[PDB]
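Residues per chain, in single letters:
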Amino acid sequence: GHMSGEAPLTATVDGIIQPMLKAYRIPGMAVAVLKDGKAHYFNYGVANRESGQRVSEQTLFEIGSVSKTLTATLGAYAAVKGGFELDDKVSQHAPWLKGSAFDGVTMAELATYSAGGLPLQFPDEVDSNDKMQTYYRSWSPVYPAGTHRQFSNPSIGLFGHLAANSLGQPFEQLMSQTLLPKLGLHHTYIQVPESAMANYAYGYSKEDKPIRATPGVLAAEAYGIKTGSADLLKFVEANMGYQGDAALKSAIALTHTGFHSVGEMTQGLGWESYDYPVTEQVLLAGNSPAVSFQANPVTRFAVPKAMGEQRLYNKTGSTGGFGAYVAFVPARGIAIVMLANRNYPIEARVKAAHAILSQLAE
Ligand SMILES: [Zn+2]
Ligand SMILES: [Zn+2]
Ligand SMILES: [Zn+2]
Ligand SMILES: [Zn+2]
Ligand SMILES: [Zn+2]
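- For this deposited structure, the header cites X-ray crystallography as the method used and 1.4 Å as the resolution.

Have a look at this one:
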(Lines give C-alpha, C1' and ligand atoms only; values in the text may rest on other atoms or scores of the structure.)
(Ligands and ions follow the chains in the order given, each with its own letter.)
Protein backbone atom coordinates (compact mmCIF):
# COMPACT_ATOMS: atom_id res chain seq x y z
CA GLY A 1 0.00 0.00 0.00
CA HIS A 2 0.86 3.71 -0.11
CA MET A 3 -0.66 4.34 3.31
CA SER A 4 1.59 5.25 6.23
CA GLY A 5 1.27 4.50 9.93
CA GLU A 6 2.12 1.95 12.48
CA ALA A 7 -0.14 -0.78 11.11
CA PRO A 8 1.18 -0.84 7.56
CA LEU A 9 4.78 -0.58 8.78
CA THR A 10 4.41 -3.74 10.86
CA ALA A 11 2.58 -5.63 8.15
CA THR A 12 5.41 -4.81 5.77
CA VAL A 13 8.34 -5.59 8.12
CA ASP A 14 6.85 -8.79 9.52
CA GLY A 15 5.67 -9.83 6.04
CA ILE A 16 9.11 -9.31 4.54
CA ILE A 17 11.29 -10.62 7.34
CA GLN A 18 9.40 -13.72 8.52
CA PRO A 19 9.36 -15.62 5.20
CA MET A 20 13.03 -14.77 4.78
CA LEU A 21 13.96 -16.32 8.13
CA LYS A 22 12.32 -19.56 7.02
CA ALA A 23 13.80 -19.55 3.53
CA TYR A 24 17.36 -19.22 4.83
CA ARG A 25 16.90 -21.04 8.14
CA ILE A 26 18.03 -17.94 10.00
CA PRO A 27 17.84 -18.64 13.72
CA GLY A 28 17.41 -15.01 14.87
CA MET A 29 17.24 -11.47 13.58
CA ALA A 30 17.05 -8.02 15.14
CA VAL A 31 15.60 -5.32 12.90
CA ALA A 32 15.31 -1.62 13.59
CA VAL A 33 14.05 1.18 11.42
CA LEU A 34 13.67 4.94 11.42
CA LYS A 35 10.60 6.68 9.96
CA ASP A 36 10.58 10.48 10.09
CA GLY A 37 13.39 10.06 12.60
CA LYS A 38 11.29 7.89 15.00
CA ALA A 39 12.55 4.34 15.82
CA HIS A 40 10.72 1.02 15.51
CA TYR A 41 12.10 -2.36 16.66
CA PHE A 42 11.27 -5.88 15.51
CA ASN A 43 12.93 -9.01 16.94
CA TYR A 44 12.66 -12.57 15.66
CA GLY A 45 13.79 -15.94 16.81
CA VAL A 46 16.73 -16.93 18.91
CA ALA A 47 20.24 -15.73 19.59
CA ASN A 48 21.33 -19.15 20.80
CA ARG A 49 19.63 -22.14 19.19
CA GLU A 50 20.75 -24.48 21.95
CA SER A 51 19.49 -22.44 24.94
CA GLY A 52 16.53 -20.86 23.16
CA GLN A 53 17.61 -17.36 24.24
CA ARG A 54 15.38 -14.93 22.31
CA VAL A 55 16.80 -12.13 20.18
CA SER A 56 16.27 -8.64 21.50
CA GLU A 57 17.51 -5.17 20.52
CA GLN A 58 20.32 -5.81 23.03
CA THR A 59 21.53 -9.07 21.46
CA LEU A 60 25.09 -8.70 20.19
CA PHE A 61 25.66 -9.77 16.59
CA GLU A 62 28.86 -9.71 14.57
CA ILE A 63 28.43 -7.17 11.81
CA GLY A 64 31.45 -8.02 9.63
CA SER A 65 32.35 -5.27 7.20
CA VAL A 66 29.69 -2.97 8.66
CA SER A 67 32.50 -2.51 11.23
CA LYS A 68 34.38 -0.62 8.54
CA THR A 69 31.91 2.27 8.89
CA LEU A 70 33.04 2.70 12.49
CA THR A 71 36.69 2.21 11.46
CA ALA A 72 36.19 4.93 8.85
CA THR A 73 34.55 7.25 11.36
CA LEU A 74 37.52 6.74 13.71
CA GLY A 75 39.85 7.50 10.81
CA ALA A 76 37.88 10.61 9.93
CA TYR A 77 37.98 11.70 13.55
CA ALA A 78 41.77 11.38 13.60
CA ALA A 79 41.91 13.49 10.42
CA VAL A 80 39.68 16.17 11.95
CA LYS A 81 41.89 16.26 15.06
CA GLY A 82 45.01 16.78 12.97
CA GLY A 83 46.58 13.32 12.96
CA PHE A 84 46.74 13.26 9.16
CA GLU A 85 45.24 14.72 5.96
CA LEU A 86 43.51 12.52 3.39
CA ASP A 87 45.95 13.48 0.60
CA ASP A 88 49.01 12.63 2.71
CA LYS A 89 51.07 9.73 1.49
CA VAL A 90 50.64 6.64 3.64
CA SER A 91 54.35 6.50 4.44
CA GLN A 92 54.16 9.99 6.00
CA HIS A 93 52.25 8.17 8.77
CA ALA A 94 54.30 4.97 8.93
CA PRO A 95 58.10 5.27 9.20
CA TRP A 96 58.54 1.60 8.37
CA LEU A 97 56.79 2.23 5.03
CA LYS A 98 59.16 4.96 3.84
CA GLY A 99 60.75 3.80 0.61
CA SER A 100 57.97 1.33 -0.14
CA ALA A 101 55.16 1.60 -2.65
CA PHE A 102 53.24 3.47 0.03
CA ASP A 103 55.31 6.54 -0.83
CA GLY A 104 52.83 6.86 -3.74
CA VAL A 105 49.50 5.98 -2.10
CA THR A 106 47.36 8.46 -0.18
CA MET A 107 45.52 7.88 3.07
CA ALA A 108 42.26 8.36 1.14
CA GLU A 109 43.19 5.71 -1.45
CA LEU A 110 44.00 3.31 1.34
CA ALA A 111 40.64 3.97 3.06
CA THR A 112 38.71 3.57 -0.21
CA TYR A 113 40.35 0.37 -1.49
CA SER A 114 42.02 2.15 -4.39
CA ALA A 115 45.68 1.94 -3.39
CA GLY A 116 46.34 -0.40 -6.32
CA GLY A 117 45.18 -3.96 -5.82
CA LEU A 118 45.78 -4.79 -2.17
CA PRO A 119 44.01 -8.16 -1.85
CA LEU A 120 40.82 -9.12 -0.03
CA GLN A 121 42.81 -10.84 2.72
CA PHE A 122 46.40 -11.09 3.84
CA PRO A 123 48.28 -14.10 2.55
CA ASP A 124 47.81 -17.09 4.88
CA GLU A 125 51.04 -16.76 6.91
CA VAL A 126 50.81 -13.00 7.47
CA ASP A 127 49.49 -13.32 11.00
CA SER A 128 51.75 -11.24 13.25
CA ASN A 129 52.56 -7.53 13.30
CA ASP A 130 56.15 -8.12 12.16
CA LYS A 131 54.97 -10.25 9.24
CA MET A 132 52.32 -7.65 8.43
CA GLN A 133 54.95 -4.92 8.22
CA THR A 134 57.17 -7.00 5.97
CA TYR A 135 54.11 -7.75 3.79
CA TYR A 136 53.23 -4.11 3.22
CA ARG A 137 56.85 -3.01 2.75
CA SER A 138 57.32 -5.65 0.08
CA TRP A 139 53.99 -5.14 -1.68
CA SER A 140 54.02 -4.33 -5.39
CA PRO A 141 51.01 -2.46 -6.88
CA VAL A 142 48.85 -4.23 -9.44
CA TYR A 143 47.31 -0.95 -10.66
CA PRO A 144 48.20 2.75 -10.56
CA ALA A 145 46.96 4.43 -7.41
CA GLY A 146 43.37 5.70 -7.52
CA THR A 147 42.41 3.82 -10.68
CA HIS A 148 40.92 0.56 -9.43
CA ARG A 149 38.77 -0.40 -6.45
CA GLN A 150 39.46 -3.83 -4.99
CA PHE A 151 37.71 -4.46 -1.66
CA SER A 152 40.48 -5.16 0.81
CA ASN A 153 40.82 -5.79 4.49
CA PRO A 154 44.55 -5.06 4.43
CA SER A 155 43.73 -1.70 2.83
CA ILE A 156 41.16 -0.24 5.19
CA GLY A 157 42.74 -2.15 8.05
CA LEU A 158 46.03 -0.32 7.63
CA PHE A 159 44.10 2.95 7.30
CA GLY A 160 42.44 2.38 10.69
CA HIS A 161 45.67 1.25 12.30
CA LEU A 162 47.67 4.23 11.06
CA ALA A 163 44.84 6.69 11.75
CA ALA A 164 44.73 5.61 15.40
CA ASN A 165 48.54 5.70 15.62
CA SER A 166 48.47 9.27 14.32
CA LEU A 167 46.77 10.21 17.62
CA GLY A 168 49.20 8.10 19.67
CA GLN A 169 46.68 5.48 20.74
CA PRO A 170 46.03 1.93 19.66
CA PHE A 171 42.98 1.39 17.48
CA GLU A 172 40.94 -0.65 20.02
CA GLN A 173 41.61 1.87 22.79
CA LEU A 174 40.63 4.85 20.65
CA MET A 175 37.46 3.01 19.63
CA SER A 176 36.42 1.87 23.14
CA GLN A 177 37.57 4.85 25.20
CA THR A 178 36.75 7.75 22.90
CA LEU A 179 34.81 7.08 19.69
CA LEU A 180 32.07 4.81 21.04
CA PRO A 181 31.55 6.85 24.23
CA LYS A 182 31.31 10.07 22.20
CA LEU A 183 28.77 8.45 19.85
CA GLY A 184 26.84 7.34 22.97
CA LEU A 185 27.22 3.65 22.08
CA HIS A 186 27.53 1.87 25.41
CA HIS A 187 26.75 -1.68 24.29
CA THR A 188 29.01 -1.96 21.30
CA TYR A 189 32.37 -3.78 21.51
CA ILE A 190 35.42 -5.08 19.74
CA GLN A 191 36.34 -7.31 22.68
CA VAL A 192 33.10 -8.32 24.36
CA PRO A 193 33.58 -8.14 28.14
CA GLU A 194 32.45 -10.94 30.48
CA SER A 195 29.55 -8.78 31.68
CA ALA A 196 28.13 -8.65 28.14
CA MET A 197 28.74 -12.26 27.07
CA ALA A 198 25.24 -13.36 28.07
CA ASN A 199 23.86 -11.14 25.28
CA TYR A 200 26.27 -12.35 22.61
CA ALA A 201 24.53 -14.41 19.96
CA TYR A 202 26.08 -17.42 18.43
CA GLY A 203 26.51 -17.41 14.67
CA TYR A 204 25.52 -20.48 12.67
CA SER A 205 27.74 -21.65 9.86
CA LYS A 206 26.84 -23.17 6.49
CA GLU A 207 27.40 -26.50 8.28
CA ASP A 208 24.94 -25.36 10.97
CA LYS A 209 27.52 -25.32 13.76
CA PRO A 210 27.68 -22.47 16.33
CA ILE A 211 30.55 -20.19 15.45
CA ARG A 212 32.05 -16.83 16.32
CA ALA A 213 34.53 -14.55 14.59
CA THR A 214 38.12 -15.49 13.80
CA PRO A 215 40.86 -13.39 15.46
CA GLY A 216 43.38 -11.87 13.13
CA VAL A 217 45.79 -9.20 12.07
CA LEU A 218 43.77 -6.05 11.79
CA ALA A 219 40.56 -7.91 12.56
CA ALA A 220 39.54 -5.11 14.92
CA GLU A 221 39.69 -2.61 12.07
CA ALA A 222 38.22 -4.88 9.42
CA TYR A 223 35.41 -6.71 11.22
CA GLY A 224 35.85 -6.16 14.94
CA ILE A 225 32.43 -4.90 15.98
CA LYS A 226 29.72 -6.71 17.92
CA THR A 227 26.57 -4.69 18.55
CA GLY A 228 22.80 -4.93 18.73
CA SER A 229 20.13 -3.24 16.66
CA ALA A 230 19.51 -0.46 19.16
CA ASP A 231 23.13 0.71 19.34
CA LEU A 232 23.64 0.34 15.62
CA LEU A 233 20.54 2.39 14.90
CA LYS A 234 21.88 5.11 17.24
CA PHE A 235 25.05 5.19 15.10
CA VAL A 236 22.83 5.48 12.05
CA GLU A 237 20.95 8.34 13.76
CA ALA A 238 24.29 10.13 14.22
CA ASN A 239 24.72 9.89 10.43
CA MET A 240 21.27 11.39 9.76
CA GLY A 241 21.84 14.74 11.46
CA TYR A 242 24.15 15.04 14.37
CA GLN A 243 24.29 17.99 16.64
CA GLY A 244 26.84 17.77 19.41
CA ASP A 245 30.62 17.43 19.34
CA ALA A 246 31.75 19.56 16.39
CA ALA A 247 34.74 17.29 15.78
CA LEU A 248 32.55 14.20 15.72
CA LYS A 249 30.05 16.03 13.54
CA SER A 250 32.86 16.87 11.10
CA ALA A 251 34.17 13.30 11.17
CA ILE A 252 30.75 11.84 10.40
CA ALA A 253 30.28 14.39 7.62
CA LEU A 254 33.64 13.33 6.15
CA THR A 255 32.43 9.71 5.84
CA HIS A 256 29.75 11.04 3.47
CA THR A 257 32.36 12.29 1.02
CA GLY A 258 32.56 10.45 -2.31
CA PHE A 259 35.94 9.60 -3.84
CA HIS A 260 35.10 7.50 -6.90
CA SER A 261 32.35 5.29 -8.28
CA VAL A 262 31.89 1.81 -9.66
CA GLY A 263 28.74 1.90 -11.72
CA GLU A 264 26.09 3.63 -9.65
CA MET A 265 27.82 2.95 -6.32
CA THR A 266 29.95 5.79 -4.92
CA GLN A 267 32.65 4.94 -2.44
CA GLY A 268 33.12 6.99 0.68
CA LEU A 269 34.95 6.32 3.94
CA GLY A 270 33.25 3.13 5.07
CA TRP A 271 29.84 3.99 3.69
CA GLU A 272 28.98 3.22 0.05
CA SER A 273 26.16 5.34 -1.39
CA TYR A 274 23.60 5.61 -4.12
CA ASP A 275 21.14 8.10 -5.50
CA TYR A 276 17.82 8.25 -3.71
CA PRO A 277 15.24 7.13 -4.75
CA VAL A 278 17.07 4.14 -6.18
CA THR A 279 15.83 0.97 -7.88
CA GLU A 280 16.21 -2.47 -6.38
CA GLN A 281 18.14 -3.56 -9.47
CA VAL A 282 20.76 -0.83 -8.98
CA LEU A 283 21.12 -1.54 -5.28
CA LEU A 284 21.54 -5.23 -6.06
CA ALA A 285 24.19 -4.56 -8.70
CA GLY A 286 26.26 -2.29 -6.47
CA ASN A 287 26.24 -4.94 -3.75
CA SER A 288 26.94 -7.85 -6.13
CA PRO A 289 30.12 -9.94 -5.95
CA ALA A 290 31.34 -8.42 -9.22
CA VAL A 291 31.76 -5.18 -7.23
CA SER A 292 32.86 -6.70 -3.89
CA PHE A 293 34.71 -9.90 -4.91
CA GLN A 294 36.60 -8.28 -7.75
CA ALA A 295 38.80 -5.49 -8.95
CA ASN A 296 36.97 -2.86 -10.98
CA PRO A 297 38.25 0.25 -12.72
CA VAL A 298 36.67 3.33 -11.12
CA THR A 299 35.00 6.42 -12.43
CA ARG A 300 37.33 8.95 -10.84
CA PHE A 301 36.13 12.17 -9.20
CA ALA A 302 38.20 15.25 -10.09
CA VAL A 303 38.11 15.99 -6.37
CA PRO A 304 36.34 14.29 -3.48
CA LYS A 305 32.79 15.54 -3.10
CA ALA A 306 30.35 15.81 -0.20
CA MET A 307 27.51 13.53 -1.36
CA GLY A 308 24.87 15.17 0.79
CA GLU A 309 21.54 14.17 2.30
CA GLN A 310 19.71 12.95 -0.82
CA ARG A 311 21.55 9.62 -0.94
CA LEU A 312 21.07 6.10 0.22
CA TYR A 313 24.15 5.20 2.28
CA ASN A 314 24.68 1.49 2.97
CA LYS A 315 27.03 -1.27 4.00
CA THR A 316 26.77 -5.04 4.00
CA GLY A 317 28.74 -7.26 6.37
CA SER A 318 29.16 -10.93 7.15
CA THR A 319 31.23 -13.34 9.19
CA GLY A 320 31.23 -17.15 9.19
CA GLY A 321 28.02 -17.15 11.25
CA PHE A 322 26.42 -13.71 10.79
CA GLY A 323 24.89 -11.49 8.16
CA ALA A 324 24.28 -7.77 8.59
CA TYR A 325 22.95 -4.88 6.45
CA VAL A 326 22.43 -1.17 7.18
CA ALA A 327 21.03 1.55 4.89
CA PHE A 328 19.87 5.09 5.53
CA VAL A 329 18.63 8.17 3.67
CA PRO A 330 19.30 11.36 5.67
CA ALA A 331 17.02 13.69 3.72
CA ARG A 332 14.05 11.36 3.98
CA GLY A 333 14.55 10.48 7.64
CA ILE A 334 14.47 6.75 6.93
CA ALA A 335 16.80 3.89 7.84
CA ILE A 336 17.04 0.17 8.35
CA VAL A 337 19.30 -2.13 10.34
CA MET A 338 19.05 -5.91 9.92
CA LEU A 339 21.27 -8.16 12.04
CA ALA A 340 21.15 -11.95 11.73
CA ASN A 341 23.08 -14.94 13.10
CA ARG A 342 23.33 -16.65 9.73
CA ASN A 343 25.38 -15.51 6.71
CA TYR A 344 22.47 -15.51 4.28
CA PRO A 345 22.54 -14.09 0.78
CA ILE A 346 23.23 -10.39 0.30
CA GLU A 347 20.64 -10.32 -2.51
CA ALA A 348 17.98 -11.26 0.11
CA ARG A 349 19.21 -8.57 2.51
CA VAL A 350 18.96 -5.95 -0.21
CA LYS A 351 15.56 -7.04 -1.48
CA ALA A 352 14.10 -7.02 2.02
CA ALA A 353 15.71 -3.69 2.86
CA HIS A 354 14.50 -2.08 -0.35
CA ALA A 355 10.93 -3.25 0.25
CA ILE A 356 10.95 -1.93 3.81
CA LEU A 357 12.58 1.40 2.95
CA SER A 358 9.93 1.86 0.25
CA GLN A 359 7.25 1.56 2.93
CA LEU A 360 9.15 3.86 5.34
CA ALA A 361 9.15 6.53 2.64
CA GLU A 362 5.34 6.67 2.56
ZN1 LIG B 1 3.65 5.23 -2.52
ZN1 LIG C 1 6.43 1.23 15.55
ZN1 LIG D 1 52.45 -16.90 12.01
ZN1 LIG E 1 51.85 -0.38 13.53
ZN1 LIG F 1 29.99 3.64 27.43
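## Side note on the sheet that holds strand 11 (residues 272-275)
Link 1 in the chain: Pairing is antiparallel across the open sheet formed by ten strands, whose spatial order is 3-2-1-16-15-14-11-10-9-13. Each edge of the sheet is formed by a strand with only one pairing partner; in this case those strands are strand 3 (53-54) and strand 13 (299-306).
Link 2 in the chain: Taken together, the three bridges between strand 9 (residues 257-262) and strand 10 (residues 265-267) define a ladder with antiparallel strand orientation. Within strand 10, the position partnered with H260 by the bridge is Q267.

## A few points about helix 12 (residues 346-360)
Link 1 in the chain: If you check helix 12, its first and last C-alpha atoms are 21 Å apart, about what 15 residues at 1.5 Å a residue would give, namely 21 Å.
Link 2 in the chain: Within helix 12, burial applies to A348, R349, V350, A352, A353, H354, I356, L357, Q359 and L360.
Link 3 in the chain: Buried residues in helix 12 make contact with helix 1 (6-23), strand 1 (28-35), helix 10 (280-286), strand 14 (311-319), strand 15 (322-329) and strand 16 (334-340).

## Focus on the nonpolar core
Link 1 in the chain: In this structure, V90, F102, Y136, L158 and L183 are the most contacted members of the largest nonpolar core, which totals 83 residues.
Link 2 in the chain: It is helix 2 (residues 67-80) that contributes the most residues to this core, seven residues altogether.
Link 3 in the chain: Discounting residues that sit within four places of it in the chain, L183 has contacts with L70, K234, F235, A238, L248 and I252.
Link 4 in the chain: Of all hydrophobic cores here, the second largest spans 35 residues; its members include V33, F42, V298 and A340.

## Comments concerning the coordination of the zinc ion (ligand 1)
Link 1 in the chain: Every protein donor of the zinc ion (ligand 1) is listed here as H2 (ND1) and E362 (OE), and their distances to the metal cover 1.9 to 2.1 Å. Of this pair, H2 sits in the segment before helix 1 while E362 sits in the segment after helix 12, and the two are 360 residues apart along the sequence.
Link 2 in the chain: Judged by its relative accessible area of 71%, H2 falls in the exposed class.
Link 3 in the chain: Since its relative accessible area comes to 30%, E362 is described here as partly exposed.

## Some points on the pairing of strand 9
Within a regular beta strand, the side chains point alternately toward one face of the sheet and then the other, so they alternate between its two faces.
Link 1 in the chain: Of all six residues making up strand 9, six are buried, and the element is well covered by its neighbours.
Link 2 in the chain: Two elements, strand 9 and strand 13, share four bridges in a ladder whose sense is antiparallel. Opposite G258, over in strand 13, you have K305 as the bridge partner.
Link 3 in the chain: Taking the residues that link successive antiparallel strands as the turn, the strand 9-strand 10 hairpin has two residues, and the phi of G263 there is positive, at about 65°.

## Considering unusual backbone geometry
Link 1 in the chain: Residue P277 is reached from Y276 by a cis peptide bond, and omega for that bond is -5°.
Link 2 in the chain: Here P277 lies in the loop between strand 11 and helix 10.
Link 3 in the chain: In this structure, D36 is a non-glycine residue whose phi angle is positive, near 45°.
Link 4 in the chain: Locating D36 in the fold gives a position in the loop between strand 1 and strand 2 (38-48).
Link 5 in the chain: Even without being a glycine, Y113 presents a positive backbone phi close to 65°.
Link 6 in the chain: Position of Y113 among the secondary structure elements: in the loop between helix 3 (107-111) and helix 4 (129-138).

## Structural notes on the UniProt feature "binding site: Zn(2+) 10" (unreviewed entry) in the protein chain
Link 1 in the chain: With numbering matched to this structure, UniProt assigns "binding site: Zn(2+) 10" (unreviewed entry) to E362.
Link 2 in the chain: Not counting residues within four places of it along the chain, the set of residues in contact with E362 comprises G1, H2, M3, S4 and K35.
Link 3 in the chain: Polar side-chain contacts of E362 include one of 3.1 Å to the side chain of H2.

## So, the packing of aromatic side chains
Link 1 in the chain: Throughout the structure, instances matching the rule amount to 13 aromatic pairs.
Link 2 in the chain: Taking the centre distance of 5.7 Å and the plane angle of 90° together, the rings of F84 and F159 count as edge-to-face. Note that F84 is positioned in the loop between helix 2 and helix 3 and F159 in helix 5 (residues 153-165), a separation of 75 residues in sequence.
Link 3 in the chain: According to the relative accessible area criterion, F159 is buried, its value standing at 0%.
Link 4 in the chain: We note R349 situated over the ring of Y344; from NZ or CZ to the ring centre the distance is 5.1 Å.

## Topic: the pattern of salt bridges
Link 1 in the chain: With the rule as written, the count across this model stands at ten salt bridges.
Link 2 in the chain: In this structure, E272 and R149 form a salt bridge, with 3.2 Å as the shortest nitrogen-oxygen distance. With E272 in strand 11 and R149 in strand 5 (residues 148-149), this pair connects stretches of sequence that are 123 residues apart. Both residues of the pair, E272 and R149, count as buried.
Link 3 in the chain: Here the residues in one salt-bridge network are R25, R49, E50, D208 and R342, joined through shared partners.

## Details of the environment of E264
Link 1 in the chain: Mapped onto the fold, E264 is located in the loop between strand 9 and strand 10.
Link 2 in the chain: Residues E264 and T299 lie 35 residues apart in sequence; the distance between their C-alpha atoms is 9.7 Å.

## Structural notes on the packing of helix 2 against helix 9 (residues 246-254)
Link 1 in the chain: Following both chains from N to C, one finds helix 2 and helix 9 inclined at 125°, their axes separated by 8 Å at the closest point. Regarding the angle of helix 2 to helix 9, the classification is oblique. In terms of crossing hand, the pair formed by helix 2 and helix 9 is right-handed. Counting all contacts with helix 2, which are made through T73, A76, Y77, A79 and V80, the residues of helix 9 involved are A247, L248, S250, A251, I252 and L254.
Link 2 in the chain: Taken together, the residues of the contact of helix 2 with helix 9 sort by class into nine nonpolar, two polar and no charged.

Cut-offs used in this document
- Residues numbered from 1 in each chain as written, not as in the entry; some residues may be left out.
- Chains lettered and ligands numbered in written order.
- Heavy atoms only, no water.
- Pairing = 2+ DSSP bridges.
- Helix = DSSP H or I, 4+ residues; strand = E, 2+ residues; numbered from the N terminus.
- Expected span 1.5 Å × (residues − 1).
- Buried < 20%, exposed > 50% of the residue type's maximum accessible area, 1.4 Å probe, protein only.
- Contact = heavy atoms within 4.5 Å.
- Core = buried A, V, L, I, M, F, W, Y, C linked by side-chain atoms within 4.5 Å.
- Donors = N, O, S within 2.8 Å, 3.2 Å for Na, K, Ca; no water.
- UniProt positions renumbered as here; feature names shortened; annotations may be inferred.
- Polar contact = N/O pair within 3.5 Å; in protein donor to acceptor, adjacent residues only side chain to side chain.
- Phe/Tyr/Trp six-rings, centres within 6.5 Å; stacked < 30°, edge-to-face > 60°.
- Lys NZ or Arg CZ within 6 Å of the ring centre and 35° of its normal.
- Salt bridge = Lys/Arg side-chain N within 4 Å of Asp/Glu carboxyl O.
- Axes fitted to C-alpha atoms, helices over the stretch in contact; angles between N-to-C directions.
- Parallel < 35°, antiparallel > 145°, perpendicular 65-115°, else oblique.
- Left-handed = near helix turned anticlockwise from the far one by under 90°.
- Nonpolar A, V, L, I, M, F, W, Y, C, P; charged D, E, K, R; others polar.

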